[PDB]
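One file, run_38.tsv, carrying TSV, N, CA and C atoms and all ligand atoms:
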```
chain	number	residue	atom	x	y	z
A	1092	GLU	N	62.87	104.24	212.99
A	1092	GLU	CA	63.93	103.75	212.11
A	1092	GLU	C	63.35	102.71	211.15
A	1093	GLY	N	63.80	102.69	209.90
A	1093	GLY	CA	63.34	101.66	208.98
A	1093	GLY	C	61.94	101.88	208.40
A	1094	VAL	N	61.31	100.82	207.91
A	1094	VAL	CA	60.23	100.85	206.92
A	1094	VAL	C	59.09	99.94	207.34
A	1095	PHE	N	57.83	100.32	207.11
A	1095	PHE	CA	56.74	99.37	207.26
A	1095	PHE	C	56.65	98.43	206.06
A	1096	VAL	N	56.36	97.16	206.31
A	1096	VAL	CA	56.19	96.13	205.29
A	1096	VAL	C	55.11	95.15	205.70
A	1097	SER	N	54.49	94.50	204.72
A	1097	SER	CA	53.51	93.45	204.97
A	1097	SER	C	53.85	92.17	204.23
A	1098	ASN	N	53.58	91.04	204.87
A	1098	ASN	CA	53.62	89.72	204.24
A	1098	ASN	C	52.25	89.28	203.70
A	1099	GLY	N	51.30	90.21	203.54
A	1099	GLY	CA	49.92	89.95	203.13
A	1099	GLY	C	48.97	89.88	204.32
A	1100	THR	N	49.16	88.92	205.22
A	1100	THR	CA	48.27	88.73	206.39
A	1100	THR	C	48.61	89.63	207.57
A	1101	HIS	N	49.85	90.11	207.68
A	1101	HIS	CA	50.37	90.86	208.83
A	1101	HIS	C	51.23	92.04	208.39
A	1102	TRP	N	51.42	93.00	209.29
A	1102	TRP	CA	52.29	94.16	209.13
A	1102	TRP	C	53.43	94.14	210.13
A	1103	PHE	N	54.60	94.60	209.70
A	1103	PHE	CA	55.84	94.65	210.47
A	1103	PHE	C	56.60	95.93	210.16
A	1104	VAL	N	57.57	96.26	210.99
A	1104	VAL	CA	58.62	97.22	210.67
A	1104	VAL	C	59.94	96.48	210.51
A	1105	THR	N	60.82	96.93	209.63
A	1105	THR	CA	62.18	96.37	209.48
A	1105	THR	C	63.18	97.49	209.37
A	1106	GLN	N	64.46	97.27	209.69
A	1106	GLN	CA	65.52	98.17	209.23
A	1106	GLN	C	65.60	98.15	207.69
A	1107	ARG	N	66.26	99.13	207.08
A	1107	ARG	CA	66.20	99.32	205.61
A	1107	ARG	C	67.02	98.29	204.83
A	1108	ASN	N	68.22	97.95	205.28
A	1108	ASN	CA	69.22	97.21	204.50
A	1108	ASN	C	69.41	95.73	204.86
A	1109	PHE	N	68.56	95.16	205.71
A	1109	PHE	CA	68.56	93.72	206.01
A	1109	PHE	C	67.21	93.31	206.60
A	1110	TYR	N	66.46	92.45	205.93
A	1110	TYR	CA	65.11	92.10	206.34
A	1110	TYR	C	65.09	91.48	207.73
A	1111	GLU	N	64.38	92.11	208.66
A	1111	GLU	CA	64.26	91.67	210.04
A	1111	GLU	C	62.90	92.13	210.58
A	1112	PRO	N	61.83	91.35	210.40
A	1112	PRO	CA	60.48	91.77	210.71
A	1112	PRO	C	60.28	91.83	212.20
A	1113	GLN	N	59.83	92.98	212.68
A	1113	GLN	CA	59.51	93.21	214.08
A	1113	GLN	C	58.07	93.68	214.19
A	1114	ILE	N	57.38	93.30	215.26
A	1114	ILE	CA	56.03	93.77	215.55
A	1114	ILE	C	56.04	95.28	215.73
A	1115	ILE	N	55.01	95.95	215.23
A	1115	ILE	CA	54.93	97.41	215.26
A	1115	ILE	C	54.38	97.86	216.61
A	1116	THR	N	55.09	98.74	217.30
A	1116	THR	CA	54.72	99.18	218.64
A	1116	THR	C	54.97	100.66	218.85
A	1117	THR	N	54.45	101.20	219.95
A	1117	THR	CA	54.80	102.53	220.46
A	1117	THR	C	56.29	102.68	220.83
A	1118	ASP	N	57.11	101.62	220.79
A	1118	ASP	CA	58.57	101.72	220.90
A	1118	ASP	C	59.24	102.10	219.57
A	1119	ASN	N	58.91	101.40	218.48
A	1119	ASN	CA	59.58	101.56	217.19
A	1119	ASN	C	58.87	102.53	216.23
A	1120	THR	N	57.87	103.26	216.71
A	1120	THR	CA	57.13	104.27	215.94
A	1120	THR	C	57.01	105.60	216.68
A	1121	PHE	N	56.78	106.68	215.93
A	1121	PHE	CA	56.41	107.99	216.47
A	1121	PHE	C	55.15	108.51	215.76
A	1122	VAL	N	54.31	109.23	216.49
A	1122	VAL	CA	53.06	109.80	215.97
A	1122	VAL	C	53.29	111.18	215.38
A	1123	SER	N	52.55	111.55	214.34
A	1123	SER	CA	52.36	112.97	214.00
A	1123	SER	C	50.99	113.28	213.41
A	1124	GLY	N	50.05	113.65	214.28
A	1124	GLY	CA	48.72	114.13	213.89
A	1124	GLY	C	47.75	113.05	213.41
A	1125	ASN	N	46.56	113.49	213.02
A	1125	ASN	CA	45.46	112.65	212.54
A	1125	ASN	C	45.69	112.07	211.13
A	1126	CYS	N	44.98	110.99	210.81
A	1126	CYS	CA	45.12	110.20	209.59
A	1126	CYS	C	44.91	110.96	208.27
A	1127	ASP	N	44.08	112.00	208.24
A	1127	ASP	CA	43.45	112.52	207.01
A	1127	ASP	C	44.43	113.03	205.94
A	1128	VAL	N	45.55	113.63	206.35
A	1128	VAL	CA	46.44	114.37	205.45
A	1128	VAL	C	47.35	113.46	204.62
A	1129	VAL	N	47.79	112.34	205.19
A	1129	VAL	CA	48.85	111.50	204.61
A	1129	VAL	C	48.34	110.72	203.41
A	1130	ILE	N	48.96	110.88	202.25
A	1130	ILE	CA	48.70	110.05	201.06
A	1130	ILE	C	49.22	108.63	201.31
A	1131	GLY	N	48.42	107.60	201.00
A	1131	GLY	CA	48.88	106.20	201.00
A	1131	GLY	C	48.92	105.49	202.36
A	1132	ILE	N	48.51	106.14	203.45
A	1132	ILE	CA	48.40	105.53	204.78
A	1132	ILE	C	47.42	104.33	204.80
A	1133	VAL	N	47.62	103.37	205.71
A	1133	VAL	CA	46.77	102.17	205.85
A	1133	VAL	C	46.36	101.94	207.31
A	1134	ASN	N	45.25	101.26	207.58
A	1134	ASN	CA	44.90	100.88	208.96
A	1134	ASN	C	45.68	99.65	209.42
A	1135	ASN	N	46.07	99.62	210.69
A	1135	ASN	CA	46.52	98.42	211.39
A	1135	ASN	C	46.48	98.67	212.91
A	1136	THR	N	46.62	97.63	213.73
A	1136	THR	CA	47.00	97.83	215.13
A	1136	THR	C	48.43	98.35	215.22
A	1137	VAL	N	48.72	99.19	216.20
A	1137	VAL	CA	50.08	99.42	216.70
A	1137	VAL	C	50.09	99.08	218.18
A	1138	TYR	N	50.90	98.11	218.59
A	1138	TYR	CA	50.84	97.58	219.95
A	1138	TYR	C	51.45	98.54	220.98
A	1139	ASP	N	50.96	98.53	222.22
A	1139	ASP	CA	51.42	99.43	223.27
A	1139	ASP	C	51.75	98.65	224.57
A	1140	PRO	N	53.04	98.38	224.87
A	1140	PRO	CA	53.40	97.34	225.83
A	1140	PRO	C	52.94	97.54	227.28
A	1141	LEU	N	52.72	98.78	227.71
A	1141	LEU	CA	52.49	99.12	229.12
A	1141	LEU	C	51.17	98.57	229.69
A	1142	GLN	N	50.13	98.43	228.87
A	1142	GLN	CA	48.77	98.11	229.33
A	1142	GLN	C	48.68	96.85	230.23
A	1143	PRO	N	49.11	95.65	229.79
A	1143	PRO	CA	49.08	94.45	230.64
A	1143	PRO	C	49.92	94.57	231.92
A	1144	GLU	N	50.90	95.47	231.97
A	1144	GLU	CA	51.74	95.67	233.15
A	1144	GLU	C	51.01	96.51	234.21
A	1145	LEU	N	50.31	97.57	233.79
A	1145	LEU	CA	49.42	98.32	234.68
A	1145	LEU	C	48.28	97.43	235.21
A	1146	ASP	N	47.86	96.44	234.42
A	1146	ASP	CA	46.85	95.44	234.75
A	1146	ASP	C	47.40	94.23	235.54
A	1147	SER	N	48.67	94.24	235.95
A	1147	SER	CA	49.28	93.17	236.75
A	1147	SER	C	48.60	92.99	238.11
B	1141	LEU	N	54.02	108.15	232.06
B	1141	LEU	CA	53.51	107.18	233.02
B	1141	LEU	C	52.75	107.86	234.17
B	1142	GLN	N	52.95	109.16	234.41
B	1142	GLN	CA	52.41	109.87	235.56
B	1142	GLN	C	50.89	109.67	235.81
B	1143	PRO	N	49.98	109.77	234.82
B	1143	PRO	CA	48.55	109.54	235.06
B	1143	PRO	C	48.19	108.07	235.31
B	1144	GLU	N	49.04	107.12	234.94
B	1144	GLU	CA	48.71	105.69	234.99
B	1144	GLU	C	48.71	105.10	236.41
B	1145	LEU	N	49.27	105.82	237.39
B	1145	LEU	CA	49.24	105.44	238.81
B	1145	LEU	C	47.84	105.52	239.45
B	1146	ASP	N	46.80	105.82	238.66
B	1146	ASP	CA	45.41	105.48	239.00
B	1146	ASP	C	45.17	103.97	239.16
B	1147	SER	N	46.00	103.10	238.55
B	1147	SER	CA	45.88	101.64	238.73
B	1147	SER	C	46.19	101.21	240.17
C	894	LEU	N	66.72	98.40	194.04
C	894	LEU	CA	65.57	98.01	194.85
C	894	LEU	C	64.45	99.00	194.57
C	895	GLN	N	63.29	98.57	194.08
C	895	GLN	CA	62.20	99.52	193.89
C	895	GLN	C	61.70	100.03	195.23
C	896	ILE	N	61.26	101.28	195.28
C	896	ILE	CA	60.62	101.91	196.43
C	896	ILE	C	59.68	103.01	195.92
C	897	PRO	N	58.53	103.31	196.55
C	897	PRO	CA	57.64	104.35	196.05
C	897	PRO	C	58.30	105.71	196.18
C	898	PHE	N	58.17	106.61	195.21
C	898	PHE	CA	59.03	107.80	195.19
C	898	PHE	C	58.85	108.71	196.41
C	899	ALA	N	57.62	108.93	196.87
C	899	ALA	CA	57.39	109.71	198.07
C	899	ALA	C	58.03	109.10	199.33
C	900	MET	N	58.33	107.80	199.35
C	900	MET	CA	59.12	107.18	200.42
C	900	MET	C	60.60	107.42	200.25
C	901	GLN	N	61.13	107.42	199.03
C	901	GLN	CA	62.51	107.84	198.81
C	901	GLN	C	62.72	109.27	199.30
C	902	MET	N	61.79	110.19	199.04
C	902	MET	CA	61.92	111.56	199.54
C	902	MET	C	61.89	111.64	201.06
C	903	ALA	N	61.12	110.80	201.75
C	903	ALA	CA	61.18	110.75	203.20
C	903	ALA	C	62.57	110.37	203.69
C	904	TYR	N	63.27	109.43	203.04
C	904	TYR	CA	64.66	109.14	203.38
C	904	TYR	C	65.57	110.34	203.10
C	905	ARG	N	65.43	111.03	201.95
C	905	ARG	CA	66.26	112.22	201.66
C	905	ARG	C	66.07	113.28	202.74
C	906	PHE	N	64.85	113.57	203.17
C	906	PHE	CA	64.58	114.51	204.26
C	906	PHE	C	65.26	114.05	205.54
C	907	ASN	N	65.13	112.77	205.88
C	907	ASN	CA	65.75	112.23	207.08
C	907	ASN	C	67.28	112.35	207.05
C	908	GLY	N	67.90	112.43	205.87
C	908	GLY	CA	69.33	112.66	205.72
C	908	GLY	C	69.79	114.09	206.03
C	909	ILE	N	68.89	115.07	206.04
C	909	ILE	CA	69.17	116.49	206.35
C	909	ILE	C	68.55	116.93	207.67
C	910	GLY	N	68.24	115.98	208.56
C	910	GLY	CA	67.78	116.26	209.92
C	910	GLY	C	66.34	116.76	210.03
C	911	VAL	N	65.58	116.79	208.94
C	911	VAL	CA	64.14	117.10	208.95
C	911	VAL	C	63.37	115.79	209.13
C	912	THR	N	62.53	115.73	210.14
C	912	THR	CA	61.84	114.49	210.52
C	912	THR	C	60.79	114.12	209.48
C	913	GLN	N	60.71	112.85	209.07
C	913	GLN	CA	60.05	112.49	207.81
C	913	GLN	C	58.57	112.85	207.70
C	914	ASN	N	57.85	113.01	208.80
C	914	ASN	CA	56.46	113.43	208.78
C	914	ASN	C	56.28	114.82	208.16
C	915	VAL	N	57.31	115.67	208.24
C	915	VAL	CA	57.31	116.99	207.61
C	915	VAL	C	57.17	116.89	206.10
C	916	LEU	N	57.63	115.82	205.44
C	916	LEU	CA	57.30	115.59	204.03
C	916	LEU	C	55.82	115.25	203.86
C	917	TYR	N	55.31	114.19	204.47
C	917	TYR	CA	53.95	113.72	204.19
C	917	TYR	C	52.89	114.75	204.51
C	918	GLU	N	53.05	115.49	205.60
C	918	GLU	CA	52.11	116.55	205.95
C	918	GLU	C	52.10	117.69	204.92
C	919	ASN	N	53.14	117.80	204.09
C	919	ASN	CA	53.33	118.84	203.09
C	919	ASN	C	53.56	118.27	201.67
C	920	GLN	N	53.16	117.03	201.39
C	920	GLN	CA	53.59	116.33	200.18
C	920	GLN	C	53.16	117.07	198.92
C	921	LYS	N	51.88	117.46	198.83
C	921	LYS	CA	51.36	118.17	197.65
C	921	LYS	C	52.02	119.54	197.44
C	922	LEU	N	52.32	120.25	198.52
C	922	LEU	CA	53.03	121.52	198.48
C	922	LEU	C	54.47	121.36	198.00
C	923	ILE	N	55.20	120.35	198.50
C	923	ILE	CA	56.57	120.06	198.07
C	923	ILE	C	56.59	119.64	196.60
C	924	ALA	N	55.66	118.78	196.18
C	924	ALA	CA	55.52	118.40	194.79
C	924	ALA	C	55.31	119.63	193.90
C	925	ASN	N	54.46	120.58	194.29
C	925	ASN	CA	54.21	121.78	193.50
C	925	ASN	C	55.39	122.76	193.47
C	926	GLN	N	56.16	122.89	194.54
C	926	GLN	CA	57.41	123.65	194.48
C	926	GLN	C	58.40	123.01	193.51
C	927	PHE	N	58.62	121.70	193.58
C	927	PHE	CA	59.53	121.05	192.65
C	927	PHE	C	59.06	121.19	191.20
C	928	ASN	N	57.79	120.90	190.93
C	928	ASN	CA	57.22	121.03	189.59
C	928	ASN	C	57.37	122.46	189.04
C	929	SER	N	57.22	123.48	189.89
C	929	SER	CA	57.42	124.88	189.49
C	929	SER	C	58.88	125.19	189.21
C	930	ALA	N	59.80	124.73	190.06
C	930	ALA	CA	61.22	124.99	189.89
C	930	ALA	C	61.74	124.41	188.58
C	931	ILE	N	61.30	123.20	188.21
C	931	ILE	CA	61.60	122.61	186.90
C	931	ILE	C	61.16	123.52	185.76
C	932	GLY	N	59.97	124.11	185.82
C	932	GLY	CA	59.50	125.05	184.81
C	932	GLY	C	60.44	126.25	184.65
C	933	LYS	N	60.90	126.84	185.76
C	933	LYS	CA	61.85	127.97	185.71
C	933	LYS	C	63.16	127.62	185.03
C	934	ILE	N	63.64	126.37	185.13
C	934	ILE	CA	64.86	125.98	184.42
C	934	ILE	C	64.65	126.13	182.92
C	935	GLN	N	63.52	125.67	182.39
C	935	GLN	CA	63.25	125.74	180.95
C	935	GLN	C	63.24	127.18	180.46
C	936	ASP	N	62.58	128.07	181.19
C	936	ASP	CA	62.53	129.50	180.86
C	936	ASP	C	63.91	130.16	180.97
C	937	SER	N	64.67	129.84	182.01
C	937	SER	CA	66.03	130.35	182.19
C	937	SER	C	66.92	129.94	181.01
C	938	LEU	N	66.94	128.66	180.67
C	938	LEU	CA	67.73	128.15	179.54
C	938	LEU	C	67.23	128.69	178.19
C	939	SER	N	65.91	128.85	178.01
C	939	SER	CA	65.34	129.37	176.75
C	939	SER	C	65.72	130.83	176.50
C	940	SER	N	65.76	131.64	177.56
C	940	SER	CA	66.06	133.08	177.49
C	940	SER	C	67.56	133.38	177.48
C	941	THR	N	68.33	132.70	178.33
C	941	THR	CA	69.65	133.17	178.78
C	941	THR	C	70.78	132.45	178.05
C	942	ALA	N	71.10	132.89	176.83
C	942	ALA	CA	72.14	132.26	176.00
C	942	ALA	C	73.56	132.31	176.61
A	1201	LIG	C1	52.88	86.67	208.09
A	1201	LIG	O1	53.61	86.60	209.36
A	1201	LIG	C2	52.86	85.91	210.44
A	1201	LIG	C3	53.69	85.87	211.73
A	1201	LIG	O2	54.92	85.17	211.47
A	1201	LIG	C4	52.47	84.51	209.97
A	1201	LIG	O3	51.57	83.94	210.98
A	1201	LIG	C5	52.07	82.69	211.53
A	1201	LIG	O4	51.98	81.65	210.51
A	1201	LIG	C6	52.57	80.36	210.92
A	1201	LIG	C7	52.51	79.41	209.72
A	1201	LIG	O5	53.20	80.02	208.61
A	1201	LIG	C8	51.80	79.86	212.15
A	1201	LIG	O6	52.46	78.69	212.67
A	1201	LIG	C9	51.78	80.91	213.27
A	1201	LIG	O7	50.94	80.42	214.36
A	1201	LIG	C10	51.26	82.27	212.76
A	1201	LIG	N1	51.38	83.28	213.81
A	1201	LIG	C11	50.53	84.30	213.93
A	1201	LIG	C12	50.88	85.35	214.99
A	1201	LIG	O8	49.54	84.41	213.21
A	1201	LIG	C13	51.74	84.50	208.63
A	1201	LIG	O9	51.54	83.13	208.22
A	1201	LIG	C14	52.57	85.25	207.59
A	1201	LIG	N2	51.86	85.29	206.32
A	1201	LIG	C15	52.43	85.07	205.15
A	1201	LIG	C16	51.50	85.04	203.94
A	1201	LIG	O10	53.64	84.86	205.05
A	1202	LIG	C1	40.43	102.87	208.55
A	1202	LIG	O1	39.46	102.81	209.64
A	1202	LIG	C2	38.46	103.91	209.61
A	1202	LIG	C3	37.54	103.76	210.83
A	1202	LIG	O2	38.33	103.81	212.02
A	1202	LIG	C4	37.70	103.84	208.28
A	1202	LIG	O3	36.80	105.00	208.19
A	1202	LIG	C5	35.40	104.71	207.86
A	1202	LIG	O4	35.33	104.00	206.58
A	1202	LIG	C6	33.97	103.68	206.09
A	1202	LIG	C7	34.12	102.91	204.76
A	1202	LIG	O5	34.93	103.66	203.84
A	1202	LIG	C8	33.16	104.99	205.96
A	1202	LIG	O6	31.78	104.67	205.68
A	1202	LIG	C9	33.19	105.79	207.27
A	1202	LIG	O7	32.50	107.06	207.06
A	1202	LIG	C10	34.64	106.04	207.71
A	1202	LIG	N1	34.69	106.78	208.98
A	1202	LIG	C11	35.50	107.82	209.16
A	1202	LIG	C12	35.66	108.31	210.61
A	1202	LIG	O8	36.09	108.36	208.23
A	1202	LIG	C13	38.67	103.94	207.11
A	1202	LIG	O9	37.95	103.86	205.85
A	1202	LIG	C14	39.72	102.83	207.18
A	1202	LIG	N2	40.69	103.01	206.10
A	1202	LIG	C15	40.78	102.18	205.06
A	1202	LIG	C16	41.73	102.59	203.93
A	1202	LIG	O10	40.13	101.13	205.02
A	1203	LIG	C1	48.32	103.83	193.20
A	1203	LIG	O1	48.10	104.36	191.86
A	1203	LIG	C2	46.84	103.90	191.21
A	1203	LIG	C3	46.77	104.55	189.83
A	1203	LIG	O2	48.00	104.27	189.13
A	1203	LIG	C4	45.65	104.27	192.11
A	1203	LIG	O3	44.46	103.63	191.58
A	1203	LIG	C5	45.83	103.76	193.55
A	1203	LIG	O4	44.71	104.22	194.35
A	1203	LIG	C6	47.17	104.25	194.14
A	1203	LIG	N1	47.35	103.67	195.47
A	1203	LIG	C7	47.96	104.30	196.46
A	1203	LIG	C8	48.17	103.50	197.75
A	1203	LIG	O5	48.36	105.46	196.34
```

Take the structure from the file and write it as structure tokens.
Amino acid sequence: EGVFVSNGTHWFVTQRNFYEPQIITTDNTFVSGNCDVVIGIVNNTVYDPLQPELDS
Amino acid sequence: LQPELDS
Amino acid sequence: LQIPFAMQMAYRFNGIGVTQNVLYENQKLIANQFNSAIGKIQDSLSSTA
């Protein structure tokens, strides 16, 4: 849901009609295939919450 | 989560 | 509000239940269908009084 945006130093996702920056994760994103095809794509981390919990 | 129970 | 046009089309697709990655994976093909369909309008209007 919503749009990727950057403040220059960082990347966030927000809903479309009211600015509310959230960290980008495997919760608020979905994957579709490898990087090569998409025009205008950029590199960043996308966080994945489960890792530190399996490491508990 | 099924494969992660290797932890 | 300005937005890049290929992102506006991802919202239009999302309004008809097609998941937005289906645009980007096919962006050049969709652009060429639209560009071709516009050409057919000119020929249709030029010929068909
Ligand atoms: C982009 O957003 C990040 C996260 O809010 C900003 O980083 C924080 O900056 C403040 C000072 O403005 C610091 O107190 C925090 O410790 C920083 N946190 C992190 C996680 O780095 C960043 O400053 C913003 N950049 C711009 C240009 O607005
Ligand atoms: C995003 O990261 C990838 C690596 O994970 C970058 O790909 C490499 O980029 C350098 C510099 O252009 C090339 O010399 C390598 O041959 C690239 N490797 C691959 C696997 O393609 C990629 O350029 C980054 N994207 C951007 C826009 O910076
Ligand atoms: C945006 O368009 C300019 C040319 O107008 C081009 O140089 C640039 O690479 C484009 N950037 C993206 C992200 O498509």

If you count only C-alpha atoms and all ligand atoms, which residues end up within 9 Å of ligand LIG 1202 (chain A), as a ChimeraX atom specification?
/A:1126-1127,1131-1135

Would you compute an axis-aligned box for ligand LIG 1203 (chain A), covering every atom listed for it in the file with 6 Å of margin on each side, and report centre and edge lengths in Å to one decimal as AutoDock Vina command-line options?
```
--center_x 46.4 --center_y 104.5 --center_z 193.4 --size_x 15.9 --size_y 14.0 --size_z 20.6
```

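Taking all atoms listed in the file into account, the residues that come within 6.5 Å of ligand LIG 1201 (chain A) are residues 1098, 1099, 1100 and 1101 of chain A.
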
Could you tell me which residues of chain C sit within 8 Å of chain A when counting all atoms listed in the file, and give me the result as a VMD selection string?
chain C and resid 914 916 to 921

May I have the residues from that selection written out with N, CA and C atoms, as a compact mmCIF listing (two decimals), in the frame of the given file?
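Written output follows (selection_28.txt):
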```txt
# COMPACT_ATOMS: atom_id res chain seq x y z
N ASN C 914 57.85 113.01 208.80
CA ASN C 914 56.46 113.43 208.78
C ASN C 914 56.28 114.82 208.16
N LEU C 916 57.63 115.82 205.44
CA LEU C 916 57.30 115.59 204.03
C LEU C 916 55.82 115.25 203.86
N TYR C 917 55.31 114.19 204.47
CA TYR C 917 53.95 113.72 204.19
C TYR C 917 52.89 114.75 204.51
N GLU C 918 53.05 115.49 205.60
CA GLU C 918 52.11 116.55 205.95
C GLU C 918 52.10 117.69 204.92
N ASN C 919 53.14 117.80 204.09
CA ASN C 919 53.33 118.84 203.09
C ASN C 919 53.56 118.27 201.67
N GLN C 920 53.16 117.03 201.39
CA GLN C 920 53.59 116.33 200.18
C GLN C 920 53.16 117.07 198.92
N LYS C 921 51.88 117.46 198.83
CA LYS C 921 51.36 118.17 197.65
C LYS C 921 52.02 119.54 197.44
```

State, in Å with one decimal place, the distance from atom N of residue 1146 of chain A to atom N of residue 1114 of chain A.
21.6 Å

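For the pair atom C of residue 1120 of chain A and atom N of residue 909 of chain C, the interatomic distance is 18.5 Å.
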
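Compared by their closest atoms to ligand LIG 1203 (chain A), and using only C-alpha atoms and all ligand atoms, the residues C:894, C:933, C:899, C:923 rank with C:899 nearest.
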
Could you give me, as a PDB file with N, CA and C atoms, in the coordinates of the input, the residues within 12 Å of residue 1147 of chain B, counting only C-alpha atoms and dropping anything in the same chain fewer than 6 positions from it?
```pdb
ATOM      1  N   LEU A1141      52.720  98.780 227.710  1.00  0.00           N
ATOM      2  CA  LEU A1141      52.490  99.120 229.120  1.00  0.00           C
ATOM      3  C   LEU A1141      51.170  98.570 229.690  1.00  0.00           C
ATOM      4  N   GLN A1142      50.130  98.430 228.870  1.00  0.00           N
ATOM      5  CA  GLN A1142      48.770  98.110 229.330  1.00  0.00           C
ATOM      6  C   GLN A1142      48.680  96.850 230.230  1.00  0.00           C
ATOM      7  N   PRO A1143      49.110  95.650 229.790  1.00  0.00           N
ATOM      8  CA  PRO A1143      49.080  94.450 230.640  1.00  0.00           C
ATOM      9  C   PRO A1143      49.920  94.570 231.920  1.00  0.00           C
ATOM     10  N   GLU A1144      50.900  95.470 231.970  1.00  0.00           N
ATOM     11  CA  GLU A1144      51.740  95.670 233.150  1.00  0.00           C
ATOM     12  C   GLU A1144      51.010  96.510 234.210  1.00  0.00           C
ATOM     13  N   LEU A1145      50.310  97.570 233.790  1.00  0.00           N
ATOM     14  CA  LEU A1145      49.420  98.320 234.680  1.00  0.00           C
ATOM     15  C   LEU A1145      48.280  97.430 235.210  1.00  0.00           C
ATOM     16  N   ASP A1146      47.860  96.440 234.420  1.00  0.00           N
ATOM     17  CA  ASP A1146      46.850  95.440 234.750  1.00  0.00           C
ATOM     18  C   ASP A1146      47.400  94.230 235.540  1.00  0.00           C
ATOM     19  N   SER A1147      48.670  94.240 235.950  1.00  0.00           N
ATOM     20  CA  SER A1147      49.280  93.170 236.750  1.00  0.00           C
ATOM     21  C   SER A1147      48.600  92.990 238.110  1.00  0.00           C
TER      22      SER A1147
ATOM     23  N   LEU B1141      54.020 108.150 232.060  1.00  0.00           N
ATOM     24  CA  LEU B1141      53.510 107.180 233.020  1.00  0.00           C
ATOM     25  C   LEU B1141      52.750 107.860 234.170  1.00  0.00           C
TER      26      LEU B1141
END
```

Using the structure block above, produce a file of segment 1093-1141 of chain A that contains C-alpha atoms, as a tab-separated table (two decimals), in the first residue's frame.
```
chain	number	residue	atom	x	y	z
A	1093	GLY	CA	1.25	3.54	-0.67
A	1094	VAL	CA	4.49	4.93	-2.13
A	1095	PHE	CA	8.26	4.86	-1.61
A	1096	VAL	CA	9.80	8.24	-0.69
A	1097	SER	CA	13.17	9.58	0.45
A	1098	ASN	CA	14.22	12.48	2.69
A	1099	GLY	CA	17.69	12.39	0.98
A	1100	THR	CA	19.58	10.35	3.63
A	1101	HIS	CA	16.90	7.63	4.16
A	1102	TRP	CA	14.05	5.75	2.39
A	1103	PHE	CA	10.51	5.19	3.71
A	1104	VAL	CA	7.07	4.03	2.60
A	1105	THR	CA	3.96	6.20	3.21
A	1106	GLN	CA	0.23	5.98	2.49
A	1107	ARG	CA	-0.71	8.14	-0.56
A	1108	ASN	CA	-2.93	10.93	0.89
A	1109	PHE	CA	-1.26	11.82	4.25
A	1110	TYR	CA	2.52	11.84	4.88
A	1111	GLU	CA	3.41	9.15	7.43
A	1112	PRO	CA	6.96	7.78	6.96
A	1113	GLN	CA	7.39	4.14	7.93
A	1114	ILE	CA	10.52	1.94	7.72
A	1115	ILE	CA	10.45	-0.33	4.66
A	1116	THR	CA	10.07	-4.03	5.56
A	1117	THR	CA	8.93	-7.46	4.36
A	1118	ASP	CA	5.58	-6.49	6.07
A	1119	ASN	CA	4.73	-3.38	3.97
A	1120	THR	CA	6.26	-4.65	0.65
A	1121	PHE	CA	5.80	-7.51	-1.84
A	1122	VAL	CA	8.44	-8.98	-4.22
A	1123	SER	CA	8.17	-9.61	-7.95
A	1124	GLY	CA	11.29	-11.02	-9.66
A	1125	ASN	CA	14.86	-9.77	-10.19
A	1126	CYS	CA	15.98	-6.09	-10.45
A	1127	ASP	CA	16.90	-5.94	-14.17
A	1128	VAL	CA	13.51	-5.28	-15.89
A	1129	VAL	CA	12.11	-2.36	-13.83
A	1130	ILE	CA	12.75	1.19	-15.15
A	1131	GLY	CA	13.76	3.66	-12.37
A	1132	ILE	CA	14.36	1.13	-9.51
A	1133	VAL	CA	16.92	2.07	-6.74
A	1134	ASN	CA	19.04	0.13	-4.19
A	1135	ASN	CA	18.21	0.17	-0.46
A	1136	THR	CA	17.88	-2.18	2.53
A	1137	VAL	CA	14.43	-3.69	3.09
A	1138	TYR	CA	14.23	-4.84	6.72
A	1139	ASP	CA	13.05	-8.38	7.70
A	1140	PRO	CA	11.77	-8.58	11.33
A	1141	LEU	CA	12.04	-12.36	12.00
```
